[PDB]
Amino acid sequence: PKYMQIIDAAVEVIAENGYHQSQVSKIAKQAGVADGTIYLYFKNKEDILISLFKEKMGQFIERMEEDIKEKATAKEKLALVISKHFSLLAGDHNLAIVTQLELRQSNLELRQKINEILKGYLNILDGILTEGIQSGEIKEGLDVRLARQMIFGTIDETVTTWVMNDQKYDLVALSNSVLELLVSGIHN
């Protein structure tokens, strides 16, 4: 449908110049749609970015809530999440730039809307950590919120450094190393 066609073009255009500079007109042209056609599916520019996050990151999130259920341990569940995330971004240069660089917006309402979608991802982390503690796999006394900030911050900084390096090295190849740093930390 034209809805997804438009989201896919928006990823391209938004990645090119940045969300702020991106123009709805450029998005239509790139989608090979008329200008008014865009307004047939989206209210405005912000609705395009929010929906892009909903469709790209939101789908990923839903998929992970399902797929982590088959992994026995907290470590395996986190391994799946990091590996699948790096894989989703490694498959699309534009999507890597957008989902990393447009994640935290200055405008309050736009930020809240994007944060709402990303809460889903944080809920997955908290759940993995909560259950891991009850099974005895995860550190007893662990502050779940803080440990989720370290896991999400680590994943995010790893992907953003790769984006700032033109995505030139194999991100997916790092998933296990990133996992072991989170599981065992830096001490010997």
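Start at 1 and count along the sequence shown; that's the residue number.
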| query | finding |
| --- | --- |
| Of 134-142 and 147-155, the one with larger mean CA B-factor | 134-142 |
| Higher-B stretch (mean Cα B-factor, as the entry records it), 3-11 or 179-187 | 3-11 |
| Residue with maximal Cα B-factor (values as given in the PDB entry) among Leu122, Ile128, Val163, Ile27 | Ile27 |
| Given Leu103, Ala74, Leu95, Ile82, the residue at which the Cα B factor reaches its maximum | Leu103 |
| CA B-factor placement of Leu78, once the chain's modelled residues are sorted into thirds | lowest |
